[PDB]
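> Quick one: experimental structure and sequence below.
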Amino acid sequence: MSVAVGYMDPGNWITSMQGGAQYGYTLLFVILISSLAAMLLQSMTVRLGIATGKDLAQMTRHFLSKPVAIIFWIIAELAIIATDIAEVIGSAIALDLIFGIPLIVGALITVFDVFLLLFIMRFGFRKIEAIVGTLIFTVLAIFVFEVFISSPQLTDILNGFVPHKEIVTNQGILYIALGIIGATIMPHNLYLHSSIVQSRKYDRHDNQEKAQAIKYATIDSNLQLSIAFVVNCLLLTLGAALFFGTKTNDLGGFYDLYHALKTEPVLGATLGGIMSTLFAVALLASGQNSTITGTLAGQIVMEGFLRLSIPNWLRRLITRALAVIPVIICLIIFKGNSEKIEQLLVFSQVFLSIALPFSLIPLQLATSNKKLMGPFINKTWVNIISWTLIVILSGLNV
Amino acid sequence: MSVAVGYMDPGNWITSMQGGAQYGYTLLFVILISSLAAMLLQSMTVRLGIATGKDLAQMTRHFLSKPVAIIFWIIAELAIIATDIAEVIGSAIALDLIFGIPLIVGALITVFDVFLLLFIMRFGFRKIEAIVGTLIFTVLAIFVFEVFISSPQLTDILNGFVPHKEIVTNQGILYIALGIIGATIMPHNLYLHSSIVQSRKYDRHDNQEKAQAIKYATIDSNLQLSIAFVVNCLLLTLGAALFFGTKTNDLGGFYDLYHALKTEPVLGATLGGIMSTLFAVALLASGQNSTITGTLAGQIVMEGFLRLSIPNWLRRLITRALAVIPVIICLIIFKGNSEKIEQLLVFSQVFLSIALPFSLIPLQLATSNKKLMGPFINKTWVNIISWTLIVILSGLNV
Amino acid sequence: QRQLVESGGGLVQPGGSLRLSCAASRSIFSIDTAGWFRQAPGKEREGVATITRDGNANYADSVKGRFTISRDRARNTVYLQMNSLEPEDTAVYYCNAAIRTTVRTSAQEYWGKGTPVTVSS
């Protein structure tokens, strides 16, 4: 009925905000570019999604052999695990803020709690989606209010000139850069769209002029990604206007935002706590939906590469568990350190953006053969190659 | 192949720019609202367009009798004539700037020149559309460059608070207000969309679930109108940053822009003339395409209300001629006065926005009956009623 | 006072007609208020016409009926068409102006150099 959808994923949340607590308005440009890129990529897969009656996974299978198949399957599994780790940490932090339970108990609750999603499914969709949409929209209103006196030409002229010296030299910059990119693309979204397009009442083969569906779907996808771009830009400039030009250059993870909202002077006293807990709720809900979307993606991947299948609850459970193991390892090793956990989170995102090319290459290749093809694949070519140079340099400086 | 479309229509061009030469950033808000309104309205007609297998004109015929049919036919004809007058003046000014011929000769050339459009049709589409798109995009780049040091909070806080005292008191304000609205809606666009939707391979009646087409088409229409909104906002703030806070508060029609671009200091000397002539070319091309789109609209109107038909060349010719008569009358009476002609232009637009309600009412009524209906028609109701009050007040102060 | 250039004067039999044209030297934004003055060889600089910002075309009291001032907002040039000339209109016809260079610089005067006009058999 009414509009309801969740666009903020803790990955992009932390990455964008961090990018505004440390370095300022510099990263802004990168965001745009990444967003634009994803648009194009969506387009591509959707074309592949609608013709050739296959899924990107099946595609990969039809250009490989058994072993390298195992390899790319490992890679896709690792991408999914990365996203799930991001999510579970998001949920754990949300719980620790709202209630007070320590992190380990929250992590365990999250991992073996998927029964909530069968319960609430038996409960009713429209209401829950409406209410979460309301709360997210309101949280975003709050952030907008919170942004204050600012100098536009700064943001602008830093968006534009793209100080390459800057964007490449600070190897702290490449880090959050790759973070933003790999959190704006999210390969699991690629596989999932490739599959989901396969069902829109197009006359599967008996309409050579089904491309009307292509145009409609691409329009939808572009609208979606555009609004995601606007949200990311907002979060970044928020981190900027709330932590920049200061002493000790506090990192700017989640906790710091949660406090800065509370102790915020001009917001009175109680309103601090009000917005605080609202933010907490938002974090939790975003985590959960980001989980639920990717289960189908994992299923599709395994069905494609190994040509095997499992019921969903087993899939979700085992993935979540193998995801939560690194969380607990890091917690016990580092005895609990918000700084250390948020650093793990960002490293997860950047690892996602490292894995991307192994799933980007075959997409381009396959769209170079069949009946429908892009005229200027050259954009994707330059994209992947510049990409490879960046990732290998960031690897090297280690 | 490549992207090509023209979005700037001299009506909206002059109205927006004028709104930024005289009063400043105040009008900005109105623009947005009008744009939003049109979105909704598009939606409505498209629904009516796809079901009930009729055209809005046929609709009107099915709620009326012969005489009142004559009446509303007169009204629609007058709307079309208004748009055509706007166009022909645009073309005449373009010619006088680029070449040097006086206005009357340019007007006559424009009126009895539609043979160019058969010639170039026999010549080839893709190239001409590509080149006009290139030139328009480049002209817009030029304008963007031209905008300089500015205070954002001004534009913002004037967009937001909407000084009602202001927006209603200066009856110079209501004037350009109605101008902007009636130039952002353009009823001929309503009829034309109602018709054109009728052919998108939807299973005309044998798909109750054809509304997929509805969603796709509405997505397209919204994208289109959004980009139109951005362009209008740009032109307005341009008029502001190039003529505001000065002496004699020069009106800010076309000529004044054409000169201000040339004598612009920081642009060197020759670049002035370069951008000048580029602008001239842009004006001309925009005029021509705005003409060619509306011929089908006129045809549809006459086919609907009178249930009669004519070949197209006769239609276009006779309409253009009855449109050019007022131009020549005004020219000879006022012996030639750029100020007077641009004033006629704006009056044409506002007359369009006066005529709108007589074609808005039946749309709402008809969508209140058949199978598909909007839940909150209340927005359109409040729209039309507040609208009526505005138009009648502007009439009264005369 | 230079950088304006009138042009168009020339011998003309009684009752002929001709169109003088004040002008500008290079890329002038606008001409606020013009005016055409006459300085026949034994008299004082009289004054013959006056346009205004928008339009007023105010004339002298001995010329209404023959002199039709105008403007050309396209290429900034005031005009002056004299029709059915007479042997008492022989003089040099100066031009005045109110040039404004760019869209924000204040106004500034300007005088011309004028052109001769002779009427005779």
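Thanks, I have the structure now. Numbers count the residues shown, from 1 in each chain, chains lettered A, B, ... in the order given.

> excluding its backbone neighbours, what's nearest the residue in the stretch 51-200 of chain A that chain B sits nearest to?
Per C-beta to the nearest C-beta, the residue of the stretch 51-200 of chain A with the smallest distance to chain B is residue A:152, at 4.6 Å. The C-beta positions use only the backbone N, C-alpha and C, and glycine is treated the same way. Distances taken as C-beta to C-beta, 6 or more residues apart in numbering or on different chains put residue B:152 closest to residue A:152, at 4.6 Å, once the chain neighbours are dropped.

> So what does the one you found look like in phi/psi?
When quoted as degrees, to the nearest 10, the phi and psi of residue B:152 stand at phi -60, psi -50.

> On the three-state scheme, the residue most central in space within chain C is what?
With distances taken as C-alpha atoms, centre = their mean, chain C has residue C:36 as the residue nearest its mean C-alpha position (3.7 Å). In the three-state summary, residue C:36 is assigned as strand, counting by DSSP: H, G, I helix; E, B strand; the rest coil.

> Tell me who's in contact with it.
C:20, C:22, C:47, C:48, C:49, C:69, C:78, C:80, C:93, C:94, C:95, C:96 (C-beta atoms under 8 Å, 6 or more residues apart in numbering or on different chains).

> I'd say the fourth one and residue C:67 touch.
Yes - the criterion here is C-beta atoms under 8 Å, and residue C:48 meets it with residue C:67 at 6.4 Å.

> close enough to count as contact, residue A:37 and residue A:383?
Yes - Residue A:37 is in contact with residue A:383 according to C-beta under 8 Å; the separation is 6.1 Å.

> Within range of chain B, give me the residues from chain C.
Contact residues (C-beta under 8 Å from any C-beta of the partner chain) of chain C with chain B: C:27-30, C:32, C:53-55, C:70, C:73-76, C:101-104, C:106-107.

> let's see 6 Å
When proximity is defined by C-beta under 6 Å from any C-beta of the partner chain, chain C lies next to chain B at C:27, C:29, C:54, C:73, C:74, C:102, C:103, C:104.

> Name the nearest of these relative to residue B:312.
Of all the residues of chain C next to chain B, the one with the least separation from residue B:312 (C-beta to C-beta) is residue C:74, at 34.2 Å.

> Counting neighbours, what do you get for the residue of the stretch 51-200 of chain A closest to chain B?
Neighbouring residues of residue A:152 were enumerated by other C-beta atoms under 10 Å in any protein chain shown; the total is 12.

> how far out from the middle of the chain is stretch A:159-168?
On the basis of C-alpha atoms, centre = their mean, to the nearest Å, stretch A:159-168 sits 24 Å off its chain's mean C-alpha point.

> residues making contact with it?
Residues from elsewhere that reach stretch A:159-168 (C-beta atoms under 6 Å, 6 or more residues apart in numbering or on different chains): A:26, A:28, A:29, A:173.

> Could you do stretch C:104-111 as well?
By C-beta under 6 Å, 6+ apart, the surrounding residues in contact with stretch C:104-111 are B:246, C:1, C:4, C:97, C:98, C:99, C:100.

> Give me the three-state assignment for the third one.
Three-state call for residue C:4 (three-state DSSP): coil.

> how about the residues of the stretch 201-350 of chain A that lie near chain B?
The stretch 201-350 of chain A has residues A:216, A:219 near chain B, with proximity defined as C-beta under 6 Å from any C-beta.

> Could you measure from the residue in the stretch 201-350 of chain A that chain B sits nearest to over to residue A:229?
Closest to chain B within the stretch 201-350 of chain A is residue A:216: 3.4 Å, counting by C-beta to the nearest C-beta. Separation of residue A:216 from residue A:229 (C-beta to C-beta, to the nearest Å) stands at 21 Å.

> now the farthest one out in chain C, which residue is it?
The outermost residue of chain C, judged against the average C-alpha position, is residue C:104 (25.7 Å), by C-alpha atoms, centre = their mean.

> So that one: helix, strand or coil?
At residue C:104, secondary structure determined by three-state DSSP is coil.

> ok, now how distant is it from residue B:247?
Between residue C:104 and residue B:247 the computed distance is 9 Å (C-beta to C-beta).

> before we move on, the earlier item: the residue of the stretch 201-350 of chain A closest to chain B - how many residues pack around it?
The burial metric for residue A:216, expressed as a neighbour count using other C-beta under 10 Å, is 19.

> burial of residue A:76, as a residue count?
Residues near residue A:76, counting by other C-beta under 10 Å, number 25.

> which secondary structure element contains it?
For residue A:76, the element it lies in under DSSP states H and E is helix A:66-98.

> Just list what that helix packs against, helices and strands only.
Other elements packing on helix A:66-98 under the criterion 3 or more C-beta pairs under 6 Å, 6 or more residues apart in numbering or on different chains; DSSP states H and E are helix A:10-21, helix A:103-111, helix A:187-196, helix A:270-306, helix A:312-333, helix A:338-367.
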